[PDB]
Amino acid sequence: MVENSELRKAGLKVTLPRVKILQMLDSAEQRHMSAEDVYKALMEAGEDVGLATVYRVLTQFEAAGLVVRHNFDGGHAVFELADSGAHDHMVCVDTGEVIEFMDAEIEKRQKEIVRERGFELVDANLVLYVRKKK
Amino acid sequence: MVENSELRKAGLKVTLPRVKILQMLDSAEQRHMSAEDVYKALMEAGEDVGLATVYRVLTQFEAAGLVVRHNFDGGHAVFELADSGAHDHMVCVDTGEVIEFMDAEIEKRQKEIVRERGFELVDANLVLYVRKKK
Amino acid sequence: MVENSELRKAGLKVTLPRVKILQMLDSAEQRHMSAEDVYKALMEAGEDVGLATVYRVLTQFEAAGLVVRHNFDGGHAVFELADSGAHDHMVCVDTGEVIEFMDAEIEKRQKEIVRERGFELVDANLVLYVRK
Amino acid sequence: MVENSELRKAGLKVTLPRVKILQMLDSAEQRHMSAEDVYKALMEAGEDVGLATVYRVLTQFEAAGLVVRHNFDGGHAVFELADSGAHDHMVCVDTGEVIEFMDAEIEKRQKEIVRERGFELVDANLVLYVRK
Ligand SMILES: [Mn+2]
Ligand SMILES: [Mn+2]
Ligand SMILES: [Mn+2]
Ligand SMILES: [Mn+2]
Ligand SMILES: [Mn+2]
Ligand SMILES: [Mn+2]
Ligand SMILES: [Mn+2]
Ligand SMILES: [Mn+2]
Ligand SMILES: [Mn+2]
Ligand SMILES: [Mn+2]
Ligand SMILES: [Mn+2]
Ligand SMILES: [Mn+2]
Ligand SMILES: [Mn+2]
Ligand SMILES: [Zn+2]
Ligand SMILES: [Zn+2]
Ligand SMILES: [Zn+2]
Ligand SMILES: [Zn+2]
Ligand SMILES: [Zn+2]
Ligand SMILES: [Zn+2]
Ligand SMILES: [Zn+2]
Ligand SMILES: [Zn+2]
Ligand SMILES: [Zn+2]
Ligand SMILES: [Zn+2]
Ligand SMILES: [Zn+2]
Ligand SMILES: [Zn+2]
Ligand SMILES: [Zn+2]
Ligand SMILES: [Zn+2]
Ligand SMILES: [Zn+2]
Ligand SMILES: [Zn+2]
Ligand SMILES: [Zn+2]
Ligand SMILES: [Zn+2]
Ligand SMILES: [Zn+2]
Ligand SMILES: [Zn+2]
Ligand SMILES: [Zn+2]
Ligand SMILES: [Zn+2]
């Protein structure tokens with residue numbers, strides 16, 4: 001996507017680090033990245049952005065809604081482009097593996113539960129902690 | 001419930017502060033309490049437990065599974081006795097009001113989504129952020 | 001008492017809530033406010049900002065460097081303007097009373113420690129948990 | 001190298017994972033490990049502890065006072081044995097390099113500040129963010 005239109009969308013001055021990090025997420029191979037993952041990846045692509053900046057920019061992106069922040073294993077923060085796959089996850093509680101899913105039935109029931117009570121749905125989070133039965 | 005059987009359940013030496021705080025939760029009027037709420041309430045009932053202890057004991061309880069920890073408004077931690085109502089919440093994103101719900105349809109679909117993929121369900125969290133439409 | 005100029009240096013478009021929250025933090029300059037505390041105060045003043053809007057603006061400000069975020073008692077987040085005094089606190093473990101202090105000897109020793117190591121000092125944080 | 005006696009003082013029943021994780025933290029005493037780092041090491045050693053079990057044990061230890069929890073780079077939690085040295089760190093903002101230091105002048109001034117105020121000192125934390 002057009003990073004510069006997005007940064008204007010979110011009320012954020014277009015600056016070099018903001019554009020480099022957003023390009024990294026857009027083009028990232030792995031969908032769930034730690035702040036350290038983004039910093040390692042920028043080094044790889046030969047971009048000079050310190051870990052402190054990387055985390056601050058991810059925090060602005062989250063607050064602006066560009067990115068969703070999770071804590072699946074409890075011990076480190078995951079950032080994820082804020083698209084519609086970002087809200088439905090199964091977590092293997094023994095390995096830390098994260099698996100996205102989408103079930104139209106559950107998406108529809110969620111809107112029902114909330115309208116029947118006089119509300120509109122702003123946002124849903126569903127996390128399914130799972131174990132491989134055998 | 002019998003606090004002392006619970007503390008043994010969870011691998012926790014029975015001590016005065018652990019039993020006072022657990023009695024407070026069991027008998028609390030409000031279901032979602034900050035650490036500050038529990039400390040204020042203990043003062044009220046005329047029990048001498050410092051804020052630092054209160055938070056540490058809640059942290060042990062969470063880790064032992066006796067209590068569930070949420071962050072609904074992003075700005076403060078909520079502790080909640082770990083019963084079956086502790087995993088399904090709507091949050092009014094303008095007021096911070098939290099409302100528990102239970103929908104048997106959604107509970108059943110969640111088990112389906114996970115067995116059809118070779119897993120057993122250890123735990124589910126569902127948070128519905130809502131706005132009062134009018 | 002409000003500033004769009006503070007927001008610009010931060011690289012942040014000027015908006016109703018950013019301005020209202022920012023001058024709220026300024027016209028209440030030593031309180032150590034939670035997100036809820038800010039939300040309550042705006043309601044008094046008669047603003048209309050949702051609670052989630054408050055917390056997202058305060059997080060934007062933290063990232064931008066306009067505000068410092070602490071968690072003193074473990075339970076709730078404190079948002080403080082990034083002034084001199086915002087990095088040195090004593091904290092009463094039993095009550096959660098928070099108290100800013102500033103000690104020039106301490107602040108001098110910090111810079112010497114760092115200089116004697118070939119580093120420059122970007123920021124320091126000191127928290128003293130105390131009782132009695 | 002493992003201790004059920006450490007666990008007892010903490011008020012914690014002695015269990016397989018608590019013991020295995022505890023001696024893992026001891027036989028790797030200056031690493032500043034994440035929950036994942038601990039989980040990986042146990043797998044090497046050939047233990048069988050789930051990742052979520054690791055993190056819950058480390059949280060129990062933090063609450064019990066056996067371990068100190070830091071978040072140095074903002075992104076992941078660090079779990080450190082609560083020894084001397086576990087509360088004073090420099091931190092390279094650009095790389096996340098972490099370095100323990102201890103300075104007796106600083107440690108002396110801290111106790112004077114607190115004493116001159118009628119307080120006793122329960123715990124202090126110093127973090128110096130540095131570059132170059
Ligand atoms: Mn981790
Ligand atoms: Mn709050
Ligand atoms: Mn359904
Ligand atoms: Mn702080
Ligand atoms: Mn609190
Ligand atoms: Mn509090
Ligand atoms: Mn200072
Ligand atoms: Mn000195
Ligand atoms: Mn720390
Ligand atoms: Mn990280
Ligand atoms: Mn990290
Ligand atoms: Mn020290
Ligand atoms: Mn001195
Ligand atoms: Zn792009
Ligand atoms: Zn999450
Ligand atoms: Zn999440
Ligand atoms: Zn979501
Ligand atoms: Zn969804
Ligand atoms: Zn259905
Ligand atoms: Zn979202
Ligand atoms: Zn009871
Ligand atoms: Zn939650
Ligand atoms: Zn929750
Ligand atoms: Zn749950
Ligand atoms: Zn449920
Ligand atoms: Zn269904
Ligand atoms: Zn649970
Ligand atoms: Zn102005
Ligand atoms: Zn101040
Ligand atoms: Zn600071
Ligand atoms: Zn700072
Ligand atoms: Zn032993
Ligand atoms: Zn150490
Ligand atoms: Zn410490
Ligand atoms: Zn400590």
# chains A, B, ... in the order shown; residues from 1 in each chain; ligands from 1
call {"tool": "residues_near_ligand", "arguments": {"ligand": "ligand 21", "cutoff": "7 Å", "atoms": "only C-alpha atoms and all ligand atoms", "output": "NGL selection string"}}
result
:B and (1-3 or 22-23 or 26-27)
call {"tool": "write_last_selection", "arguments": {"atoms": "N, CA, C and O atoms", "output": "PDB file, in the first residue's frame"}}
result
ATOM      1  N   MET B   1     -15.964 -19.993  48.719  1.00  0.00           N
ATOM      2  CA  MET B   1     -15.230 -21.255  48.673  1.00  0.00           C
ATOM      3  C   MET B   1     -14.180 -21.356  49.778  1.00  0.00           C
ATOM      4  O   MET B   1     -13.924 -20.389  50.486  1.00  0.00           O
ATOM      5  N   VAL B   2     -13.571 -22.532  49.922  1.00  0.00           N
ATOM      6  CA  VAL B   2     -12.618 -22.791  50.998  1.00  0.00           C
ATOM      7  C   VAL B   2     -11.246 -22.327  50.522  1.00  0.00           C
ATOM      8  O   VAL B   2     -10.542 -23.039  49.798  1.00  0.00           O
ATOM      9  N   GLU B   3     -10.865 -21.122  50.950  1.00  0.00           N
ATOM     10  CA  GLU B   3      -9.635 -20.508  50.463  1.00  0.00           C
ATOM     11  C   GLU B   3      -8.443 -21.427  50.655  1.00  0.00           C
ATOM     12  O   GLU B   3      -7.566 -21.512  49.786  1.00  0.00           O
ATOM     13  N   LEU B  22      -8.042 -13.435  49.069  1.00  0.00           N
ATOM     14  CA  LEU B  22      -8.907 -14.390  48.386  1.00  0.00           C
ATOM     15  C   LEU B  22     -10.320 -14.336  48.941  1.00  0.00           C
ATOM     16  O   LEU B  22     -11.295 -14.460  48.188  1.00  0.00           O
ATOM     17  N   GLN B  23     -10.445 -14.144  50.257  1.00  0.00           N
ATOM     18  CA  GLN B  23     -11.761 -13.922  50.846  1.00  0.00           C
ATOM     19  C   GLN B  23     -12.392 -12.644  50.311  1.00  0.00           C
ATOM     20  O   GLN B  23     -13.614 -12.568  50.145  1.00  0.00           O
ATOM     21  N   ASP B  26     -13.767 -13.466  46.701  1.00  0.00           N
ATOM     22  CA  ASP B  26     -14.940 -14.322  46.816  1.00  0.00           C
ATOM     23  C   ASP B  26     -16.160 -13.495  47.191  1.00  0.00           C
ATOM     24  O   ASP B  26     -17.207 -13.564  46.537  1.00  0.00           O
ATOM     25  N   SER B  27     -16.016 -12.653  48.211  1.00  0.00           N
ATOM     26  CA  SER B  27     -17.121 -11.890  48.768  1.00  0.00           C
ATOM     27  C   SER B  27     -17.233 -10.491  48.179  1.00  0.00           C
ATOM     28  O   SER B  27     -18.044  -9.696  48.655  1.00  0.00           O
TER      29      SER B  27
END
call {"tool": "residues_near_ligand", "arguments": {"ligand": "ligand 11", "cutoff": "10 Å", "atoms": "only C-alpha atoms and all ligand atoms", "output": "PyMOL selection string"}}
result
(chain A and resi 34-37+39+51+55+75-77) or (chain D and resi 34+71-78+95-96)
call {"tool": "interface_residues", "arguments": {"of": "chain B", "to": "chain A", "cutoff": "6 Å", "atoms": "only C-alpha atoms", "output": "PyMOL selection string"}}
result
chain B and resi 119-133
call {"tool": "interface_residues", "arguments": {"of": "chain C", "to": "chain A", "cutoff": "7 Å", "atoms": "only C-alpha atoms", "output": "compact mmCIF listing (two decimals) with N, CA, C and O atoms, in the first residue's frame"}}
result
# COMPACT_ATOMS: atom_id res chain seq x y z
N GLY C 11 5.43 15.93 15.28
CA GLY C 11 5.05 15.31 14.03
C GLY C 11 3.65 14.75 14.06
O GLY C 11 3.42 13.65 13.54
N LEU C 12 2.71 15.48 14.64
CA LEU C 12 1.36 15.00 14.86
C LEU C 12 0.37 16.03 14.36
O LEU C 12 0.45 17.20 14.75
N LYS C 13 -0.54 15.61 13.49
CA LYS C 13 -1.58 16.53 13.03
C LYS C 13 -2.40 17.01 14.21
O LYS C 13 -2.70 16.25 15.13
N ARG C 56 -5.78 6.20 23.42
CA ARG C 56 -5.01 6.18 22.17
C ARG C 56 -4.24 7.48 21.97
O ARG C 56 -3.11 7.46 21.49
N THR C 59 -1.25 7.30 24.29
CA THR C 59 -0.24 6.40 23.76
C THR C 59 0.51 7.06 22.60
O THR C 59 1.73 6.93 22.50
N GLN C 60 -0.20 7.76 21.71
CA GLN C 60 0.46 8.53 20.66
C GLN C 60 1.45 9.52 21.28
O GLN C 60 2.57 9.66 20.79
N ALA C 63 4.61 7.68 22.62
CA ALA C 63 5.50 7.36 21.51
C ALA C 63 6.19 8.60 20.97
O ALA C 63 7.39 8.58 20.70
call {"tool": "residues_around", "arguments": {"residues": "residue 25 in chain B", "least_positions_apart": "2", "cutoff": "10 Å", "atoms": "only C-alpha atoms", "output": "list in words"}}
result
residues 20, 21, 22, 23, 27, 28, 29, 30, 31, 32, 33, 38, 41, 58, 67, 79, 80 and 81 of chain B
call {"tool": "closest_atom_pairs", "arguments": {"of": "chain D", "to": "chain C", "cutoff": "9 Å", "atoms": "only C-alpha atoms", "output": "tab-separated table"}}
result
residue	atom	partner	partner_atom	distance
D:90	CA	C:114	CA	8.4
D:92	CA	C:119	CA	9.0
D:93	CA	C:122	CA	8.1
D:101	CA	C:113	CA	8.9
D:103	CA	C:113	CA	8.0
D:105	CA	C:109	CA	7.6
D:106	CA	C:106	CA	6.3
D:109	CA	C:106	CA	6.6
D:110	CA	C:106	CA	7.8
D:113	CA	C:103	CA	8.0
D:114	CA	C:130	CA	7.5
D:118	CA	C:132	CA	7.1
D:119	CA	C:132	CA	5.3
D:120	CA	C:130	CA	5.6
D:121	CA	C:130	CA	4.7
D:122	CA	C:130	CA	5.1
D:123	CA	C:129	CA	5.0
D:124	CA	C:128	CA	4.4
D:125	CA	C:127	CA	5.2
D:126	CA	C:126	CA	4.7
D:127	CA	C:125	CA	5.2
D:128	CA	C:124	CA	4.4
D:129	CA	C:123	CA	5.0
D:130	CA	C:121	CA	4.7
D:131	CA	C:119	CA	5.6
D:132	CA	C:119	CA	5.3
call {"tool": "write_last_selection", "arguments": {"atoms": "N, CA and C atoms", "output": "PDB file, in the first residue's frame"}}
result
ATOM      1  N   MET D  90      22.544  -0.481  32.369  1.00  0.00           N
ATOM      2  CA  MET D  90      22.612   0.375  31.195  1.00  0.00           C
ATOM      3  C   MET D  90      22.046  -0.392  30.010  1.00  0.00           C
ATOM      4  N   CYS D  92      21.602  -0.055  25.669  1.00  0.00           N
ATOM      5  CA  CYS D  92      21.958   0.617  24.421  1.00  0.00           C
ATOM      6  C   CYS D  92      20.698   0.771  23.586  1.00  0.00           C
ATOM      7  N   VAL D  93      20.264   2.017  23.396  1.00  0.00           N
ATOM      8  CA  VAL D  93      18.955   2.247  22.796  1.00  0.00           C
ATOM      9  C   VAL D  93      18.929   1.761  21.365  1.00  0.00           C
ATOM     10  N   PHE D 101      25.629  -2.677  35.848  1.00  0.00           N
ATOM     11  CA  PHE D 101      26.675  -1.944  36.534  1.00  0.00           C
ATOM     12  C   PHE D 101      26.302  -1.830  38.004  1.00  0.00           C
ATOM     13  N   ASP D 103      27.591   0.885  41.268  1.00  0.00           N
ATOM     14  CA  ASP D 103      28.382   2.046  41.643  1.00  0.00           C
ATOM     15  C   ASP D 103      28.041   2.374  43.084  1.00  0.00           C
ATOM     16  N   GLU D 105      28.979   4.882  45.094  1.00  0.00           N
ATOM     17  CA  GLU D 105      28.535   6.249  45.322  1.00  0.00           C
ATOM     18  C   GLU D 105      27.032   6.378  45.066  1.00  0.00           C
ATOM     19  N   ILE D 106      26.578   5.968  43.878  1.00  0.00           N
ATOM     20  CA  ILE D 106      25.149   5.999  43.566  1.00  0.00           C
ATOM     21  C   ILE D 106      24.358   5.276  44.640  1.00  0.00           C
ATOM     22  N   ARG D 109      24.251   7.449  47.851  1.00  0.00           N
ATOM     23  CA  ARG D 109      23.369   8.601  47.722  1.00  0.00           C
ATOM     24  C   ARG D 109      21.897   8.201  47.790  1.00  0.00           C
ATOM     25  N   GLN D 110      21.532   7.049  47.213  1.00  0.00           N
ATOM     26  CA  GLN D 110      20.132   6.623  47.253  1.00  0.00           C
ATOM     27  C   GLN D 110      19.651   6.464  48.685  1.00  0.00           C
ATOM     28  N   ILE D 113      19.276   9.996  50.366  1.00  0.00           N
ATOM     29  CA  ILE D 113      18.061  10.676  49.919  1.00  0.00           C
ATOM     30  C   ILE D 113      16.864  10.190  50.716  1.00  0.00           C
ATOM     31  N   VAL D 114      16.734   8.871  50.826  1.00  0.00           N
ATOM     32  CA  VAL D 114      15.573   8.244  51.444  1.00  0.00           C
ATOM     33  C   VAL D 114      15.582   8.464  52.951  1.00  0.00           C
ATOM     34  N   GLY D 118      12.872  10.436  56.165  1.00  0.00           N
ATOM     35  CA  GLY D 118      12.148   9.608  57.109  1.00  0.00           C
ATOM     36  C   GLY D 118      11.666   8.286  56.566  1.00  0.00           C
ATOM     37  N   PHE D 119      12.224   7.820  55.451  1.00  0.00           N
ATOM     38  CA  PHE D 119      11.849   6.552  54.840  1.00  0.00           C
ATOM     39  C   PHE D 119      12.975   5.542  54.988  1.00  0.00           C
ATOM     40  N   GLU D 120      12.610   4.259  55.018  1.00  0.00           N
ATOM     41  CA  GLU D 120      13.560   3.193  54.724  1.00  0.00           C
ATOM     42  C   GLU D 120      13.401   2.726  53.269  1.00  0.00           C
ATOM     43  N   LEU D 121      14.465   2.163  52.723  1.00  0.00           N
ATOM     44  CA  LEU D 121      14.522   1.831  51.308  1.00  0.00           C
ATOM     45  C   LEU D 121      14.187   0.357  51.109  1.00  0.00           C
ATOM     46  N   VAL D 122      13.095   0.076  50.416  1.00  0.00           N
ATOM     47  CA  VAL D 122      12.736  -1.316  50.174  1.00  0.00           C
ATOM     48  C   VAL D 122      13.378  -1.843  48.901  1.00  0.00           C
ATOM     49  N   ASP D 123      13.529  -1.005  47.884  1.00  0.00           N
ATOM     50  CA  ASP D 123      14.084  -1.423  46.610  1.00  0.00           C
ATOM     51  C   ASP D 123      14.253  -0.194  45.738  1.00  0.00           C
ATOM     52  N   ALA D 124      15.257  -0.236  44.879  1.00  0.00           N
ATOM     53  CA  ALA D 124      15.581   0.853  43.973  1.00  0.00           C
ATOM     54  C   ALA D 124      15.802   0.275  42.582  1.00  0.00           C
ATOM     55  N   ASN D 125      15.438   1.040  41.557  1.00  0.00           N
ATOM     56  CA  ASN D 125      15.706   0.621  40.190  1.00  0.00           C
ATOM     57  C   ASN D 125      16.266   1.773  39.383  1.00  0.00           C
ATOM     58  N   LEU D 126      17.376   1.508  38.704  1.00  0.00           N
ATOM     59  CA  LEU D 126      18.054   2.497  37.883  1.00  0.00           C
ATOM     60  C   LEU D 126      18.217   1.944  36.473  1.00  0.00           C
ATOM     61  N   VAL D 127      17.803   2.696  35.473  1.00  0.00           N
ATOM     62  CA  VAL D 127      18.052   2.286  34.098  1.00  0.00           C
ATOM     63  C   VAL D 127      18.604   3.477  33.345  1.00  0.00           C
ATOM     64  N   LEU D 128      19.764   3.286  32.712  1.00  0.00           N
ATOM     65  CA  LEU D 128      20.442   4.324  31.948  1.00  0.00           C
ATOM     66  C   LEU D 128      20.379   3.944  30.476  1.00  0.00           C
ATOM     67  N   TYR D 129      19.628   4.704  29.697  1.00  0.00           N
ATOM     68  CA  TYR D 129      19.559   4.516  28.254  1.00  0.00           C
ATOM     69  C   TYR D 129      20.661   5.340  27.613  1.00  0.00           C
ATOM     70  N   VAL D 130      21.510   4.670  26.834  1.00  0.00           N
ATOM     71  CA  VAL D 130      22.771   5.221  26.374  1.00  0.00           C
ATOM     72  C   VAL D 130      22.958   4.898  24.898  1.00  0.00           C
ATOM     73  N   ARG D 131      23.825   5.673  24.249  1.00  0.00           N
ATOM     74  CA  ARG D 131      24.239   5.366  22.886  1.00  0.00           C
ATOM     75  C   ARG D 131      25.693   5.783  22.679  1.00  0.00           C
ATOM     76  N   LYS D 132      26.220   5.391  21.517  1.00  0.00           N
ATOM     77  CA  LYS D 132      27.583   5.688  21.044  1.00  0.00           C
ATOM     78  C   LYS D 132      28.571   4.723  21.662  1.00  0.00           C
TER      79      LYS D 132
END
call {"tool": "select_by_dssp", "arguments": {"residues": "range 2-134 of chain B", "states": "alpha helix (DSSP H)", "output": "ChimeraX atom specification"}}
result
/B:3-9,16-26,35-44,51-63,104-115
call {"tool": "write_last_selection", "arguments": {"atoms": "N, CA and C atoms", "output": "short mmCIF file (atom, residue, chain, number, x, y, z; two decimals), in the first residue's frame"}}
result
data_model
loop_
_atom_site.label_atom_id
_atom_site.label_comp_id
_atom_site.auth_asym_id
_atom_site.auth_seq_id
_atom_site.Cartn_x
_atom_site.Cartn_y
_atom_site.Cartn_z
N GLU B 3 -10.86 -21.12 50.95
CA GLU B 3 -9.64 -20.51 50.46
C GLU B 3 -8.44 -21.43 50.66
N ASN B 4 -8.41 -22.14 51.78
CA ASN B 4 -7.23 -22.92 52.15
C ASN B 4 -7.09 -24.16 51.28
N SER B 5 -8.20 -24.79 50.92
CA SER B 5 -8.13 -25.85 49.93
C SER B 5 -7.70 -25.30 48.57
N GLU B 6 -8.11 -24.08 48.25
CA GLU B 6 -7.72 -23.51 46.96
C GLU B 6 -6.23 -23.22 46.93
N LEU B 7 -5.70 -22.61 47.99
CA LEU B 7 -4.28 -22.28 48.00
C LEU B 7 -3.43 -23.53 47.92
N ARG B 8 -3.92 -24.64 48.47
CA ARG B 8 -3.19 -25.90 48.36
C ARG B 8 -3.30 -26.46 46.96
N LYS B 9 -4.51 -26.46 46.40
CA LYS B 9 -4.70 -26.69 44.98
C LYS B 9 -3.57 -26.08 44.16
N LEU B 16 -1.60 -15.44 55.81
CA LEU B 16 -2.65 -14.50 56.17
C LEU B 16 -3.05 -13.62 54.99
N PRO B 17 -2.09 -12.92 54.37
CA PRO B 17 -2.46 -12.04 53.24
C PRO B 17 -3.08 -12.81 52.09
N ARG B 18 -2.56 -13.99 51.77
CA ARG B 18 -3.16 -14.78 50.70
C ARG B 18 -4.60 -15.13 51.05
N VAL B 19 -4.90 -15.41 52.32
CA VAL B 19 -6.27 -15.79 52.65
C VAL B 19 -7.18 -14.57 52.74
N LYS B 20 -6.65 -13.43 53.18
CA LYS B 20 -7.49 -12.25 53.29
C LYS B 20 -7.90 -11.74 51.91
N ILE B 21 -6.96 -11.73 50.97
CA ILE B 21 -7.25 -11.20 49.64
C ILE B 21 -8.21 -12.12 48.90
N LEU B 22 -8.04 -13.44 49.07
CA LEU B 22 -8.91 -14.39 48.39
C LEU B 22 -10.32 -14.34 48.94
N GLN B 23 -10.45 -14.14 50.26
CA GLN B 23 -11.76 -13.92 50.85
C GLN B 23 -12.39 -12.64 50.31
N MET B 24 -11.57 -11.62 50.05
CA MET B 24 -12.12 -10.37 49.53
C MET B 24 -12.73 -10.57 48.15
N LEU B 25 -12.01 -11.26 47.27
CA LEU B 25 -12.53 -11.52 45.93
C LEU B 25 -13.81 -12.33 45.99
N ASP B 26 -13.77 -13.47 46.70
CA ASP B 26 -14.94 -14.32 46.82
C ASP B 26 -16.16 -13.49 47.19
N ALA B 35 -6.32 -3.60 41.29
CA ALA B 35 -5.54 -3.84 42.50
C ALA B 35 -5.86 -2.79 43.55
N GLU B 36 -6.06 -1.54 43.14
CA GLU B 36 -6.40 -0.48 44.08
C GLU B 36 -7.76 -0.75 44.73
N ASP B 37 -8.73 -1.24 43.96
CA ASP B 37 -10.03 -1.61 44.53
C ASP B 37 -9.89 -2.66 45.62
N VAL B 38 -9.03 -3.65 45.42
CA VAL B 38 -8.92 -4.70 46.43
C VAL B 38 -8.27 -4.14 47.68
N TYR B 39 -7.29 -3.26 47.51
CA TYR B 39 -6.61 -2.65 48.65
C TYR B 39 -7.54 -1.71 49.42
N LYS B 40 -8.29 -0.87 48.71
CA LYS B 40 -9.30 -0.05 49.38
C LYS B 40 -10.29 -0.93 50.14
N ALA B 41 -10.77 -2.01 49.52
CA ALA B 41 -11.76 -2.86 50.17
C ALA B 41 -11.20 -3.52 51.43
N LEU B 42 -9.93 -3.92 51.41
CA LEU B 42 -9.37 -4.54 52.60
C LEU B 42 -9.26 -3.52 53.74
N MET B 43 -8.81 -2.31 53.45
CA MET B 43 -8.88 -1.24 54.44
C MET B 43 -10.29 -1.14 55.01
N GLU B 44 -11.28 -1.08 54.13
CA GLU B 44 -12.67 -0.97 54.57
C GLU B 44 -13.00 -2.05 55.59
N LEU B 51 -0.53 -2.00 49.49
CA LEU B 51 -0.79 -2.06 48.06
C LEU B 51 0.20 -2.98 47.34
N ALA B 52 1.48 -2.90 47.71
CA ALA B 52 2.47 -3.77 47.07
C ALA B 52 2.14 -5.24 47.30
N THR B 53 1.76 -5.59 48.53
CA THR B 53 1.44 -6.99 48.77
C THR B 53 0.22 -7.37 47.96
N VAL B 54 -0.79 -6.50 47.94
CA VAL B 54 -2.04 -6.80 47.26
C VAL B 54 -1.78 -7.17 45.80
N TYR B 55 -0.94 -6.38 45.13
CA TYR B 55 -0.63 -6.65 43.74
C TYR B 55 0.16 -7.95 43.59
N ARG B 56 1.14 -8.19 44.46
CA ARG B 56 1.90 -9.43 44.34
C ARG B 56 1.01 -10.64 44.53
N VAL B 57 0.07 -10.57 45.48
CA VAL B 57 -0.78 -11.73 45.72
C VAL B 57 -1.71 -11.96 44.54
N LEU B 58 -2.29 -10.89 43.99
CA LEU B 58 -3.09 -11.03 42.78
C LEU B 58 -2.28 -11.64 41.64
N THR B 59 -1.01 -11.26 41.52
CA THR B 59 -0.17 -11.83 40.47
C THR B 59 0.06 -13.33 40.67
N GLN B 60 0.30 -13.77 41.91
CA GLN B 60 0.40 -15.21 42.18
C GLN B 60 -0.91 -15.91 41.85
N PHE B 61 -2.03 -15.30 42.21
CA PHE B 61 -3.33 -15.92 41.97
C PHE B 61 -3.56 -16.10 40.49
N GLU B 62 -3.27 -15.06 39.72
CA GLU B 62 -3.38 -15.15 38.27
C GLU B 62 -2.52 -16.29 37.75
N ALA B 63 -1.24 -16.30 38.12
CA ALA B 63 -0.35 -17.32 37.60
C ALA B 63 -0.80 -18.71 37.99
N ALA B 104 -24.49 -19.75 24.29
CA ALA B 104 -24.16 -21.16 24.11
C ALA B 104 -23.82 -21.47 22.67
N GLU B 105 -24.44 -20.78 21.71
CA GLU B 105 -24.09 -21.00 20.32
C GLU B 105 -22.62 -20.72 20.07
N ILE B 106 -22.14 -19.55 20.50
CA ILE B 106 -20.73 -19.21 20.29
C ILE B 106 -19.83 -20.16 21.06
N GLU B 107 -20.24 -20.60 22.24
CA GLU B 107 -19.37 -21.52 22.95
C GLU B 107 -19.20 -22.82 22.18
N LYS B 108 -20.28 -23.28 21.52
CA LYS B 108 -20.23 -24.55 20.79
C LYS B 108 -19.44 -24.41 19.50
N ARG B 109 -19.69 -23.34 18.74
CA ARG B 109 -18.92 -23.13 17.52
C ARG B 109 -17.42 -23.06 17.81
N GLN B 110 -17.04 -22.51 18.96
CA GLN B 110 -15.62 -22.42 19.27
C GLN B 110 -14.99 -23.81 19.41
N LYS B 111 -15.69 -24.74 20.04
CA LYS B 111 -15.13 -26.08 20.13
C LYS B 111 -15.04 -26.73 18.76
N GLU B 112 -16.03 -26.49 17.89
CA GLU B 112 -16.00 -27.03 16.54
C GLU B 112 -14.79 -26.51 15.77
N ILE B 113 -14.59 -25.20 15.78
CA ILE B 113 -13.50 -24.63 15.00
C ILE B 113 -12.20 -25.28 15.36
N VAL B 114 -12.04 -25.70 16.60
CA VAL B 114 -10.75 -26.17 17.05
C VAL B 114 -10.60 -27.69 16.89
N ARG B 115 -11.68 -28.46 17.02
CA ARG B 115 -11.55 -29.91 16.82
C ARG B 115 -11.37 -30.25 15.34
#
call {"tool": "residues_near_ligand", "arguments": {"ligand": "ligand 29", "cutoff": "6 Å", "atoms": "only C-alpha atoms and all ligand atoms", "output": "list in words"}}
result
residues 30, 81, 83, 85 and 86 of chain C
call {"tool": "residues_around", "arguments": {"residues": "residue 31 in chain C", "least_positions_apart": "6", "cutoff": "12 Å", "atoms": "only C-alpha atoms", "output": "mmCIF file with C-alpha atoms, in the first residue's frame"}}
result
data_model
loop_
_atom_site.group_PDB
_atom_site.id
_atom_site.type_symbol
_atom_site.label_atom_id
_atom_site.label_comp_id
_atom_site.auth_asym_id
_atom_site.auth_seq_id
_atom_site.Cartn_x
_atom_site.Cartn_y
_atom_site.Cartn_z
ATOM 1 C CA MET C 24 -5.743 18.949 30.224
ATOM 2 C CA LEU C 25 -2.382 17.393 31.085
ATOM 3 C CA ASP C 37 -8.495 10.279 35.492
ATOM 4 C CA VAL C 38 -8.003 12.206 32.240
ATOM 5 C CA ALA C 41 -11.609 15.494 34.005
ATOM 6 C CA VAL C 78 0.427 6.777 34.800
ATOM 7 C CA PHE C 79 0.840 9.438 32.112
ATOM 8 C CA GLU C 80 3.084 12.401 32.926
ATOM 9 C CA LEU C 81 4.266 15.314 30.812
ATOM 10 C CA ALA C 86 9.371 13.034 35.262
ATOM 11 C CA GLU C 97 1.945 7.537 47.391
ATOM 12 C CA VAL C 98 4.245 8.839 44.649
ATOM 13 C CA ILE C 99 6.724 11.684 45.179
ATOM 14 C CA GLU C 100 9.051 13.315 42.684
#
call {"tool": "residues_near_ligand", "arguments": {"ligand": "ligand 28", "cutoff": "10 Å", "atoms": "only C-alpha atoms and all ligand atoms", "output": "JSON, numbers by chain"}}
result
{"C": [1, 2, 3, 4, 5, 6, 7, 19, 23]}
call {"tool": "select_by_dssp", "arguments": {"residues": "range 1-131 of chain D", "states": "strand (DSSP E or B)", "output": "PyMOL selection string"}}
result
chain D and resi 12+33+67-70+76+78-81+88-92+98-100+120-131
call {"tool": "residues_near_ligand", "arguments": {"ligand": "ligand 15", "cutoff": "7 Å", "atoms": "only C-alpha atoms and all ligand atoms", "output": "PyMOL selection string"}}
result
chain A and resi 69-72+127
